[PDB]
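J.: Sequence plus experimental coordinates follow:
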Amino acid sequence: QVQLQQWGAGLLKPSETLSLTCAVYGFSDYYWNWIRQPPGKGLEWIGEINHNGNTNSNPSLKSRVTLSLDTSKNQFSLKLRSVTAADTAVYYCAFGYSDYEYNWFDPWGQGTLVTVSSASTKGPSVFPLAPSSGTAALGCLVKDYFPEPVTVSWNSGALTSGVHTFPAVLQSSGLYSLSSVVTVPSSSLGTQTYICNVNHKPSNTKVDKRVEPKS
Amino acid sequence: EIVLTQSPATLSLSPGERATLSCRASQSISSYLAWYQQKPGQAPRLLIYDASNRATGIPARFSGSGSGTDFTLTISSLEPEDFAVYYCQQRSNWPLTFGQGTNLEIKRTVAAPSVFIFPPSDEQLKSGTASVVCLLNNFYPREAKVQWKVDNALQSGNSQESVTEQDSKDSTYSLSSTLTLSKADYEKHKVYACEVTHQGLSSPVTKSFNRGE
Amino acid sequence: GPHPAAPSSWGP
């Protein structure tokens, strides 16, 4: 019975200092670790403070790191200085420990997505992907939003079968773009109404776009 | 640093088959290797520590062996719950390092993609940009190629793709490619075409439109 | 040590 919580500001501009904190609620030999995972990539270890006070950092982070542990609050935290876009990743806290009987555990936290970019928060434009003239495909193009993430459903949730919402792509403009599609019986195009519900919580934008056949 | 090399990159199997995953370390780490499982949208989950011990509650069909440099993870009979990405990690010496990961995917019958082309919306054109989207739906294996042709000319450097995770129900992948042109460039050409190749197609599938439908 | 980072409950 151990529970992890992590918090910290996730939207940063280049050269600012990332600061994350992790707390444990609920054992004597423990191993606090930070790991990060850029989108679509593998795991990269950041640093560890253990119960003996050993403190080590990934050498690739080039002395930009500070680790610290407030043992009163049980709060493990991370500082990463002079961030560039290369530091955009989900940051995980991991609390390794063993219990009263030498069983080992390593729960990981939920992760903080940190986006390092000079771009500024901006909600999306939503454009229809209109079905052509036994199966029909239609969609929504969620274009030019920052930062991640966006959520999309169809018909307020009544339509789930055949929905594909794609990983966003980051455009050279620094803004994200994303498409969400659903395949649907073509027999339904003249009677069934199709609406994509887009929510971009970072900007409190919420768009409901109707997608119709063209002509 | 200690470099961990996992193999294979992708393992394509069906439930009930045996799965063997390898993690080789660049120098001896004794038995101080751990294996983690990660599903899309979730944090990694510890499976095996110290080369051979299951974490509490991990099913017995998960087995780890190895000591020194060569390590092996064996899932003796796969369940639908086991398909995910597997990482090894070493805890011999700092810095702690991970393998690149092995993806364990469901092997299904090959399905050729269904291809659909969407021209840019009237509304997006008012903005001054044209996004042409091409959809490759529900195919297997994951490798598919999209080729854009504007006025029958091969395009390069003006498209972006992304591919979904393996579908939970039919075990296929889908792909979305966006060709972006300025409004002006878009109206300087007539024929827009999306050309698809895949192991399930014996010849390319083309979907096209001529601007002005 | 030869394996300084190993958690104490690991190994012999």
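T.: Received it, and whenever you're ready, just let me know what you need. Numbers count the residues shown, from 1 in each chain, chains lettered A, B, ... in the order given.

J.: List the contacts of the spatially closest residue to residue A:16 that is not a sequence neighbour.
T.: Nearest non-adjacent residue to residue A:16, counting by C-beta to C-beta, 6 or more residues apart in numbering or on different chains: residue A:83, 6.0 Å away. The C-beta positions use only the backbone N, C-alpha and C, and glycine is treated the same way. Residue A:83 makes contact with A:12, A:14, A:15, A:16, A:17, A:18, A:114, A:116 under the criterion C-beta atoms under 8 Å, 6 or more residues apart in numbering or on different chains.

J.: Surely the last one and residue A:84 touch.
T.: I take that to be residue A:116. Yes - using C-beta atoms under 8 Å, residue A:116 is in contact with residue A:84, at 6.1 Å.

J.: Comparing the two, which residue is more hemmed in?
T.: Counted by other C-beta atoms under 10 Å in any protein chain shown, residue A:116 and residue A:84 do not tie: residue A:116 has more neighbours, with 21 against 11.

J.: For the more buried one, give me its contacts.
T.: Here residue A:116 is in contact with A:12, A:13, A:14, A:16, A:18, A:83, A:84, A:85, A:86, A:87, A:88 (C-beta under 8 Å, 6+ apart).

J.: tally of neighbours for residue A:7?
T.: 15.

J.: and it, helix, strand or coil?
T.: strand (DSSP: H, G, I helix; E, B strand; the rest coil).

J.: Mutual contacts of residue A:116 and residue A:84, please.
T.: residue A:14.

J.: on that earlier part again, do you know how far the residue nearest to residue A:16 is from residue A:10?
T.: 11 Å (C-beta to C-beta, to the nearest Å).

J.: Now for these two: what residues contact both?
T.: Joint contacts of residue A:83 and residue A:10 (C-beta under 8 Å, 6+ apart) are residue A:114.

J.: can you list contacts of stretch B:99-109?
T.: Residues outside stretch B:99-109 that contact it (C-beta under 8 Å, 6+ apart) are A:42-43, B:4-15, B:19, B:21, B:23, B:38, B:78, B:80, B:82-89, B:140, B:142, B:166, B:170-172.

J.: and the closest residue to residue A:79 other than its chain neighbours, how many neighbours?
T.: Distances taken as C-beta to C-beta, 6+ apart place residue A:66 nearest to residue A:79, at 4.0 Å, with adjacent residues excluded. Using other C-beta under 10 Å, the number of residues around residue A:66 comes to 15.

J.: where does residue A:66 fall, phi/psi-wise?
T.: Backbone geometry at residue A:66, expressed as degrees, to the nearest 10, gives phi -130, psi 130.
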